[PDB]
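Q: sequence, then structure. It's an experimental one.
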Amino acid sequence: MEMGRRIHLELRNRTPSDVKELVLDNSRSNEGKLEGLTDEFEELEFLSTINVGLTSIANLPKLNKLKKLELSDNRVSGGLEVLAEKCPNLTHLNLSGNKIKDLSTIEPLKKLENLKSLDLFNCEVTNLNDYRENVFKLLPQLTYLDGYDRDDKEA
Amino acid sequence: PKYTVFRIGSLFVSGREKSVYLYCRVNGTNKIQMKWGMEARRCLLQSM
Amino acid sequence: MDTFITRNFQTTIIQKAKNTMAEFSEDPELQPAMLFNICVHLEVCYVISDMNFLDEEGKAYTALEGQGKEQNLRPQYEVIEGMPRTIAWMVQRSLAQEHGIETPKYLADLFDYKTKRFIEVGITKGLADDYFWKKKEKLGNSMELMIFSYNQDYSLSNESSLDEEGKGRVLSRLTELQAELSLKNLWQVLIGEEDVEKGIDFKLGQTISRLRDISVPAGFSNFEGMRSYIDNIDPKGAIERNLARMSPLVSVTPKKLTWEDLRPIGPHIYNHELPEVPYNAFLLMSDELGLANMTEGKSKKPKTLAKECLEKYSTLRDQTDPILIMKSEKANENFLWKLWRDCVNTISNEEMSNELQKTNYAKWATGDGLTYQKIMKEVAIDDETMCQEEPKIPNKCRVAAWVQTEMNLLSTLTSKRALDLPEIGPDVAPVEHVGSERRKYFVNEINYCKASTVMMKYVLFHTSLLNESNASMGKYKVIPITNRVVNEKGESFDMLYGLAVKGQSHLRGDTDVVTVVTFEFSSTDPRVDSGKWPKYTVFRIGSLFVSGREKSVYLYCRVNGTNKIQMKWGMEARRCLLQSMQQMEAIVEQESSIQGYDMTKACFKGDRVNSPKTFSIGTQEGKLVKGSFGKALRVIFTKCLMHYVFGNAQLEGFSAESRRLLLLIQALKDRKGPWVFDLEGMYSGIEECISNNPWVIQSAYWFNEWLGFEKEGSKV
Amino acid sequence: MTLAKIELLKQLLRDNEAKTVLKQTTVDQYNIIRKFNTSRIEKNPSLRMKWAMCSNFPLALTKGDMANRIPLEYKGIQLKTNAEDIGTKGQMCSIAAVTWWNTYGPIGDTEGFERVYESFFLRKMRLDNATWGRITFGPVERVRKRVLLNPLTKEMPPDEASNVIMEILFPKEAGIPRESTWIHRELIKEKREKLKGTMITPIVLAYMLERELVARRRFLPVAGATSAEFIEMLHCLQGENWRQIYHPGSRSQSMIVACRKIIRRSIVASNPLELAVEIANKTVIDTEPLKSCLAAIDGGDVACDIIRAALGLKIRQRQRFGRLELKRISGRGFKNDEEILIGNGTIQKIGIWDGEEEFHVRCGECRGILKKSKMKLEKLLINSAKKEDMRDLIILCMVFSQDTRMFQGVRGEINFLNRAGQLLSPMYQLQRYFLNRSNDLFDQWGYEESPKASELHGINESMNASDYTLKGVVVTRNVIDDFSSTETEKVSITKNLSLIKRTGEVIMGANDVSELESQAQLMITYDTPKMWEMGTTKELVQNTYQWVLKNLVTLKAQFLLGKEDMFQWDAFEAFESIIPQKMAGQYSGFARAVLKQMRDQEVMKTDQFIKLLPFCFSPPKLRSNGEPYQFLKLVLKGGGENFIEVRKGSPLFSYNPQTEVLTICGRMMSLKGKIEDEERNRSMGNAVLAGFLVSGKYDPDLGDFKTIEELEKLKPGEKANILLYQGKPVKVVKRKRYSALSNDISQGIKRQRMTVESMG
């Protein structure tokens, strides 16, 4: 199975601007990328990339309608500033299970202002003193986190 | 390297499933070790 | 059949069939075939009535299971079969009245709402058409008919009543029942709904009936009379009536047994008028002289080994002028000496062949030609001098002395060890570690006793004899009596103990006898005790030095005969070792039961807490002597070896019958106060076996001595 | 070879004897024909083998092309000969060739041994990973017991074992699969897949499977554990005067609980037998009906014995009274009614046994011998096993003996019932009274001097090994071995579940079962609504979801039609009991709307369909305007963790699509995927010739026969010409459904009794 097969199954061989969500899960990728998603995409709301072996974020269509994106179980470790230049309209961010070394990796999210929830589970950065407080004062725009900002609501 | 771990189930906190493991370990301690553990509350006085 | 009914049918259907049979006063047990037929009928009716329902419009259709539709879910077929006769009749009448149809004169099986008809379901082993016509004639057209047969054919009054699936399923069930019955062989026994009212037929003919009539106990004149008498007459104390008249001269004669009643068994051995028992064992045991040659360890053919062993001792190999010490009674010195010379020449010949080069002198040396010629029965009938040989009973002998000396000597340590055993896998469990320790402690003791060497010599000789007999059938052969002996330093000496000529072993059966003549090297001059060697013709073929002390060297020659049975048991004589260990194992285990730790080192050698275990082993001047654990193990092993070598019918009859006295003595020592019925009978049975077997006579002697010891020690 | 087969057949038929025998003996009679061998068995195998090993060529080689791999003489050593043979018609050979083959020659495949000889390698694995301990040299008390020598993958009776073996490794000759392949479908498919890819002779595999399935049981002296794993090593573990510590490298409690629940459910109703058997054969334990472990173990708890009697199975004929297992030894007891005053002062009319009798008595781990006369216990011999078991044995034998002292020892009252609320016979009422108050007849029974002897020693009322014992009771420091001749004699079953002998005597009563509740260690999934309206909400949800899952095909098919009949199923009525009344209607309306949207504007999604279907049993209550209410969290009775998540999953229900697995009430189940493809993968076991029924005779209109592979090509409802068993041409029709004879019989009985009641 490949990203192309998932794209064909979800789109069912139709125009790219017909679905506002994608499910790219359990898909092998060339050197850890997210190919199979052409830049021609114009409308997209939800994303899902799990067990894709994504190692970096360097290929992504420019978008202005996406609000949620899901990355998990990946060895990606690099600056995410490119998201601002690609789609500065993210509201739900999920990095659960990813591999991030230190706090500097999550710095480039400051320039994004629409993010309200960020998820980081069993991450090497999560095991630090005052990581919760340090992240909060580092990303003032954030309104939610792993789930315990002040209360518990569901996405 | 010294623990035997299973997976019993999954809890939900904010509508999200989080797994639960059961770390099973054999250990050996004596009555004096029980007394030492009981006195382990002296860390409060030590820090103060 | 009932087991098949229970297995292949649900308890509910069985209950319904039993109820139906009870309504008709028919016993299900007495007519299992009828019960099976009724169960099959009920099952097929239920199978037909299932899964079929009617929609609101009234068209037949299928309804799913476990999925109700409110309450009604009206089924297509209402089963009438299986209800009580009154209830079934009332249901049929109610349906007929409700749907305005004629009430059938005969009770129906099912009712179809769609067709609004009463349906009869039938089964048969014959053609469906025949049964269908019979049922139609009996019942008429008032009821629809559906008959199925076990051969995958059917007759239906209407072909639309049942779909393809229903007929296929009923036929599959019938075929499965038929196949299962055939596998259980009940198919042929099974009899259908027309023959099940007959039952099995098995009537006695004329000759067998007459034999039964004349084979009735006394007082009867016909087996019908005996049958009626047994079925009707009731005995209510016939046993006591018979006992009340039976003579009072019959009884077990119960007499309590005391120590005084027990007396020595076989007093005739003590009597000196009888001859001393001779040495009848196959090979010499405590007199074997081992022509020993040191070898690197290579295993070679016995012929080459004997050749080399004689080559080392040139004086004995080339000896050609014998000095007859004694020619026993019948054997000829010339025959035996020439045969032995041919043996030596064949062994020392350059050719690897180990068969006698004469083939004609041996024929008379071994006495093969000295045999009777069989004639036909007619001449024997006509001739008057052809009588029947009187049975040859064994001689009644006395206690010898060589048996005791051999018993002593074979049970002593020797620097030479031969018994070796294959390795086993590594021992990882504690239990096998304990077993290994015990095994080592045992072999360290048994290996160095001379009885082990004798046992190995016997086993090797019989193995070689069997191999030669199988390979060579009708040619005389030469067989060295070879053994292998490792000394404490690890030098693997090969020992030649003599030679043996094997005769013609061409025998289809096993009990057939094959003759072999044994020449044995020895260092014992028979003149020291001539009573031990009345069966042996011997020479004096020279002398040898073992370490500087010159000792003579004689050759004991004797003709003997064996058979495939004893020939095999020769290679199974190793089991003596097992018999030696088992008991001692038990002994040790008993000790371990007392105190927790393991004692195998304590019983053998002792420890700082427990003294070494000592048994009572021998005696001297009337004073019993103790003996170490190892010595007792040696004594038991030698006892087993002798039980083999001197084994024959007499030994079995002696042991299996003196066990009675052994157990009686054991009971007496525990003060159980054993009673006996006929003591002299047991004593006679035992003592009719002490005739000429040396081991039997010595066993009797030792039994008498030990019984005397027990009698003297009973005072406490 | 088939041409060689036909040529050999023709040559054999050329003789008239072959023609007459072949045309005379049916296929069934073939067995007899095979058994007419010479039977000139060797009288002494040892001598024969010894002689043969020394012969030039004792080995009897089968004719073939293998010999060409090896010369007739290698390195100057003779190996094989070209001389003809009469005994086997092959060639001759010597062990030299065998050793050379072990040295050189063709190299085979090593895969087959990984799985084919699974039992042997499992034995080796259990040995290697076992942990040894100390050795106790003290004496060991051992009891003779009927033990299973070797562990079994799935214990089954011999006939079922043979049928399963044939269905596994003999795809042909599989006519009309019985009611045994569906039970063992998982075993069938597992062994089929494992053994595929081999080339071993089929008979070897058949014998190995027989060893792996058919049970082997024997009388052995055992002390301690008794599972087959320990019995394998019993030769090393045990010992007359030595013991070793060994630890080799469940369903029982669940079946006990299920049988007890079935008994309690059926007793309260009339005609308990039919209802009990319906529930028993409609029950399942996680992969199989209850006739998969009941038929495995020998005997068991009284409830299991009663259920087995209700079903078709063999039960040990021991007399169960309360917990006591009694085996008569001698004597005949006349059961005569008598009026006896009880110690409480009341007078009861009950049956008493006139005459002397003796019984071997067992209870848990306690064994003994009881000798009793009418209205009196005479003697009782026991071994020290356990205080609880010994007390139970003493009290139960006391009550059973009907000793006048036991009656005079009553002090309270006897008006008890069972969990079903029924008044029992005075015997069982007294049993319960005395067991509840053990120190009632013990005090007034009376004491007897200690059994002065070498080993016989007494026991006091407190069960301690203390002297001044009870009158009659004796404890011997020996081993009592009892319960011989387990004939499994014919036993009848009454409607009320109480068993009886071949005669009218009663062996097991419906009330022998003890009213003790436990927790099923496994998913006890039934198939009838009547059963599961007892337990907790979680159990109800689990059972409803299992019912939905089992018959997924029917529900999925009914979904396409789009009719409300699909939702009005009785299976969901019990579910209605665990949904809040004030809000169930809103759930039903919301789920109905969601499922209508699913049918209209999207495609199949099994997980959400299963999640949302059950809530629609109750009528809907739409919004005032008419639109359906919207929810995302369905609350259930008990609150807290008893709630369903509409979106992804919850504690009771969570389906993961990454691996396509289903977790219900903390239990993982494999939904391979969706689609009739996954349906057929579920059907990947079953049995060869399971989708075809028999109808008609040969019917040569189809010409020659067709194989199973070509059989599958035919569309449903066609007619095909096939061969059944060893030949027997027949005509078959492909099935359009899956059948269940037990369900049909149960429904027929239900309709019959409904008719009987309505007429009554």
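A: Cool, got the structure. Numbering: from 1, shown residues only, chains lettered A, B, ... in the order given.
Q: isn't residue D:157 right up against residue D:295?
A: Yes - using Cβ atoms under 8 Å, residue D:157 is in contact with residue D:295, at 6.3 Å. Backbone N, C-alpha and C define where each C-beta goes, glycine included.
Q: which element is the closest residue to chain A within the stretch 651-760 of chain D on?
A: Scanning the stretch 651-760 of chain D for proximity to chain A using Cβ to the nearest Cβ identifies residue D:658 as nearest, at 5.9 Å. Assignment of secondary structure by DSSP states H and E places residue D:658 within no helix or strand.
Q: show me the contacts for the residue of chain B most remote from its centre.
A: No residue in chain B sits farther from the centre than residue B:15, which is 26.1 Å out by Cα atoms, centre = their mean. Counting by Cβ atoms under 8 Å, 6 or more residues apart in numbering or on different chains, residue B:15 touches A:154, A:155, D:645.
Q: phi, psi of it?
A: In terms of degrees, to the nearest 10, the main-chain angles of residue B:15 are phi 80, psi 10.
Q: close to chain D: what parts of chain B are there?
A: For chain B, the contact set with chain D under Cβ under 8 Å from any Cβ of the partner chain comprises B:9, B:10, B:12, B:15, B:17.
Q: nearest to residue D:619 among these?
A: Sorting the residues of chain B next to chain D by distance to residue D:619 puts residue B:15 at the head of the list, at 29.7 Å, by Cβ to Cβ.
Q: can you get me a residue count around the residue of chain B found nearest chain D?
A: Of the residues in chain B, the one nearest chain D is residue B:9, at a distance of 5.3 Å by Cβ to the nearest Cβ. A count of nearby residues for residue B:9, using other Cβ atoms under 10 Å in any protein chain shown, gives 12.
Q: that one bridge partners, please.
A: According to DSSP bridges, the residues that bridge with residue B:9 are residue B:20.
Q: tell me the contacts of it?
A: Residue B:9 makes contacts with B:19, B:20, D:651, D:666, as judged by Cβ under 8 Å, 6+ apart.
Q: adding neighbour count and distance to residue D:548, write the residues you listed out as JSON lines.
A: Putting the contacts of residue B:9 into JSON lines (neighbours: other Cβ atoms under 10 Å in any protein chain shown; distance: Cβ to Cβ, whole Å) gives the following:
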{"residue": "B:19", "neighbour count": "9", "distance to residue D:548": "26"}
{"residue": "B:20", "neighbour count": "10", "distance to residue D:548": "27"}
{"residue": "D:651", "neighbour count": "21", "distance to residue D:548": "18"}
{"residue": "D:666", "neighbour count": "14", "distance to residue D:548": "18"}
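Q: show me the contacts for the spatially most central residue of chain B.
A: Taking Cα atoms, centre = their mean as the criterion, residue B:23 is the residue nearest the geometric centre of chain B, at 8.8 Å. Going by Cβ under 8 Å, 6+ apart, residue B:23 touches B:3, B:4, B:5.
Q: likewise for residue D:445?
A: Contact analysis of residue D:445 by Cβ under 8 Å, 6+ apart lists D:398, D:405, D:406, D:409, D:461, D:470, D:471.
Q: try 10 Å
A: D:377, D:394, D:398, D:403, D:405-406, D:408-409, D:461, D:470-473 (Cβ atoms under 10 Å, 6 or more residues apart in numbering or on different chains).
Q: of those, select the buried ones using a PyMOL command.
A: What follows is the PyMOL syntax selecting those of these that are buried according to 16 or more other Cβ atoms under 10 Å in any protein chain shown:
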select buried, chain D and resi 377+394+398+403+405+406+408+409+461+470+472+473
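Q: of the contacts of residue D:445, which are in range of chain C?
A: Among the contacts of residue D:445, no residue is within reach of chain C (Cβ under 10 Å from any Cβ of the partner chain).
Q: what is the nearest of the contacts of residue D:445 to chain B?
A: residue D:461 (37.6 Å).
Q: residue D:398 versus the closest one, what's the distance?
A: Per Cβ to Cβ, to the nearest Å, residue D:461 is found 12 Å from residue D:398.
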